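J.: Have a look at this one before I ask anything.
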Amino acid sequence: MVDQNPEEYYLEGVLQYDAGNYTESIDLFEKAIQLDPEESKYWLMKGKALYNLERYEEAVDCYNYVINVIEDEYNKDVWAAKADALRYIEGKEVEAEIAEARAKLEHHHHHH
């Protein structure tokens with residue numbers, strides 16, 4: 001499993017849920033990364049925070065970062081997150097559509 005130093009810091013996951021201060025979680029999040037940057041799953045959370053914070057532009061910076069620094073350009077969850085960001089951006093609307101389709105590309109057939 002993943003065990004270095006930001007294991008206990010996970011306490012954040014609780015703050016946001018319980019403590020309605022997405023902003024506060026930043027303090028803890030910043031520390032987690034400060035310990036050692038290499039966990040993408042941690043960056044994905046940041047995007048949702050920035051996006052929800054009405055920071056569509058800033059949130060995008062995180063999505064591109066995860067794809068820039070790390071060639072992990074495949075994370076379905078990451079692509080989906082970006083779509084939500086575009087779904088509320090001042091500019092082209094065709095972009096949000098491409099994202100939704102790109103993320104929902106996996107589609108599904110016969111659930112049973």
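Residue names in the structure tokens use chain letters A, B, ... in the order shown, residue numbers from 1 in each chain, and ligand numbers from 1 in the order shown.
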Using only C-alpha atoms, determine which residues lie at most 12 Å from residue 100 (chain A), disregarding the query and same-chain residues fewer than 6 positions distant; provide the list as a VMD selection string.

T.: chain A and resid 76 to 87 93 to 94 106 to 107

J.: Would you list the contacts of residue 47 (chain A) as a PDB file with N, CA, C and O atoms, in the first residue's frame, taking every protein, DNA or RNA residue within 9 Å and counting only C-alpha atoms, but skipping same-chain residues closer than 2 positions in sequence?

T.:
ATOM      1  N   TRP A  43      -4.029  14.820  -6.355  1.00  0.00           N
ATOM      2  CA  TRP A  43      -4.190  15.991  -7.210  1.00  0.00           C
ATOM      3  C   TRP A  43      -5.617  16.057  -7.741  1.00  0.00           C
ATOM      4  O   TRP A  43      -6.179  17.141  -7.905  1.00  0.00           O
ATOM      5  N   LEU A  44      -6.187  14.887  -8.007  1.00  0.00           N
ATOM      6  CA  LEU A  44      -7.544  14.829  -8.528  1.00  0.00           C
ATOM      7  C   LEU A  44      -8.511  15.524  -7.576  1.00  0.00           C
ATOM      8  O   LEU A  44      -9.434  16.212  -8.012  1.00  0.00           O
ATOM      9  N   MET A  45      -8.287  15.331  -6.281  1.00  0.00           N
ATOM     10  CA  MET A  45      -9.162  15.942  -5.293  1.00  0.00           C
ATOM     11  C   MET A  45      -9.073  17.464  -5.352  1.00  0.00           C
ATOM     12  O   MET A  45     -10.080  18.155  -5.201  1.00  0.00           O
ATOM     13  N   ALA A  49     -11.916  20.613  -5.769  1.00  0.00           N
ATOM     14  CA  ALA A  49     -11.987  21.709  -4.806  1.00  0.00           C
ATOM     15  C   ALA A  49     -11.976  23.057  -5.516  1.00  0.00           C
ATOM     16  O   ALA A  49     -12.818  23.915  -5.254  1.00  0.00           O
ATOM     17  N   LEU A  50     -11.008  23.220  -6.413  1.00  0.00           N
ATOM     18  CA  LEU A  50     -10.893  24.471  -7.148  1.00  0.00           C
ATOM     19  C   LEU A  50     -12.125  24.701  -8.021  1.00  0.00           C
ATOM     20  O   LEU A  50     -12.691  25.795  -8.034  1.00  0.00           O
ATOM     21  N   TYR A  51     -12.533  23.662  -8.742  1.00  0.00           N
ATOM     22  CA  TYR A  51     -13.693  23.781  -9.613  1.00  0.00           C
ATOM     23  C   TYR A  51     -14.924  24.193  -8.802  1.00  0.00           C
ATOM     24  O   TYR A  51     -15.623  25.144  -9.154  1.00  0.00           O
ATOM     25  N   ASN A  52     -15.192  23.480  -7.713  1.00  0.00           N
ATOM     26  CA  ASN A  52     -16.343  23.783  -6.880  1.00  0.00           C
ATOM     27  C   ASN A  52     -16.227  25.183  -6.296  1.00  0.00           C
ATOM     28  O   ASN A  52     -17.237  25.823  -6.008  1.00  0.00           O
ATOM     29  N   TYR A  56     -12.919  27.615 -12.203  1.00  0.00           N
ATOM     30  CA  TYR A  56     -12.877  26.743 -13.369  1.00  0.00           C
ATOM     31  C   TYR A  56     -11.503  26.823 -14.031  1.00  0.00           C
ATOM     32  O   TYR A  56     -10.944  25.811 -14.457  1.00  0.00           O
ATOM     33  N   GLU A  58      -8.565  27.869 -12.610  1.00  0.00           N
ATOM     34  CA  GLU A  58      -7.553  27.296 -11.727  1.00  0.00           C
ATOM     35  C   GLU A  58      -7.680  25.774 -11.680  1.00  0.00           C
ATOM     36  O   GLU A  58      -6.678  25.059 -11.727  1.00  0.00           O
ATOM     37  N   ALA A  59      -8.913  25.284 -11.586  1.00  0.00           N
ATOM     38  CA  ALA A  59      -9.142  23.852 -11.527  1.00  0.00           C
ATOM     39  C   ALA A  59      -8.525  23.164 -12.735  1.00  0.00           C
ATOM     40  O   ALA A  59      -7.929  22.093 -12.608  1.00  0.00           O
ATOM     41  N   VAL A  60      -8.665  23.783 -13.902  1.00  0.00           N
ATOM     42  CA  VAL A  60      -8.103  23.222 -15.121  1.00  0.00           C
ATOM     43  C   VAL A  60      -6.587  23.085 -14.981  1.00  0.00           C
ATOM     44  O   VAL A  60      -6.001  22.109 -15.451  1.00  0.00           O
ATOM     45  N   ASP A  61      -5.936  24.050 -14.342  1.00  0.00           N
ATOM     46  CA  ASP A  61      -4.490  24.012 -14.170  1.00  0.00           C
ATOM     47  C   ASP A  61      -4.066  22.706 -13.502  1.00  0.00           C
ATOM     48  O   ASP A  61      -3.001  22.171 -13.807  1.00  0.00           O
ATOM     49  N   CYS A  62      -4.904  22.205 -12.601  1.00  0.00           N
ATOM     50  CA  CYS A  62      -4.601  20.951 -11.911  1.00  0.00           C
ATOM     51  C   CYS A  62      -4.743  19.763 -12.861  1.00  0.00           C
ATOM     52  O   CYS A  62      -3.886  18.880 -12.897  1.00  0.00           O
ATOM     53  N   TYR A  63      -5.829  19.754 -13.627  1.00  0.00           N
ATOM     54  CA  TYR A  63      -6.059  18.666 -14.569  1.00  0.00           C
ATOM     55  C   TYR A  63      -4.887  18.561 -15.547  1.00  0.00           C
ATOM     56  O   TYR A  63      -4.381  17.468 -15.805  1.00  0.00           O
ATOM     57  N   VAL A  78     -10.274  11.517 -13.864  1.00  0.00           N
ATOM     58  CA  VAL A  78      -9.681  12.833 -14.091  1.00  0.00           C
ATOM     59  C   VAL A  78     -10.385  13.546 -15.249  1.00  0.00           C
ATOM     60  O   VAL A  78     -10.795  14.698 -15.114  1.00  0.00           O
ATOM     61  N   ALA A  81     -13.744  14.765 -14.305  1.00  0.00           N
ATOM     62  CA  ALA A  81     -13.672  15.934 -13.436  1.00  0.00           C
ATOM     63  C   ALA A  81     -13.566  17.212 -14.258  1.00  0.00           C
ATOM     64  O   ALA A  81     -14.261  18.192 -13.991  1.00  0.00           O
ATOM     65  N   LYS A  82     -12.696  17.196 -15.264  1.00  0.00           N
ATOM     66  CA  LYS A  82     -12.507  18.364 -16.115  1.00  0.00           C
ATOM     67  C   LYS A  82     -13.834  18.763 -16.764  1.00  0.00           C
ATOM     68  O   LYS A  82     -14.186  19.942 -16.794  1.00  0.00           O
ATOM     69  N   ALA A  85     -15.846  20.939 -14.868  1.00  0.00           N
ATOM     70  CA  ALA A  85     -15.269  22.277 -14.817  1.00  0.00           C
ATOM     71  C   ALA A  85     -15.705  23.101 -16.030  1.00  0.00           C
ATOM     72  O   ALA A  85     -16.107  24.258 -15.903  1.00  0.00           O
TER      73      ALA A  85
END

J.: As an exercise, work out the distance from CA of residue 4 (chain A) to CA of residue 32 (chain A) in Å and give it to one decimal place.

T.: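 Between CA of residue 4 (chain A) and CA of residue 32 (chain A) the gap works out to 10.4 Å.
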
J.: As a PyMOL selection string, which residues of chain A does DSSP assign to helix (DSSP H, G or I)?

T.: chain A and resi 8-17+22-35+40-52+56-68+76-86+94-106

J.: When you count only C-alpha atoms, which of these residues is closest to residue 26 (chain A): A:3, A:54, A:71, A:12?

T.: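 Nearest to residue 26 (chain A): A:12.
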
J.: Between A:65, A:10, A:17, A:88, single out the one closest to residue 38 (chain A), counting only C-alpha atoms.

T.: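 Using only C-alpha atoms, the shortest distance to residue 38 (chain A) belongs to A:65.
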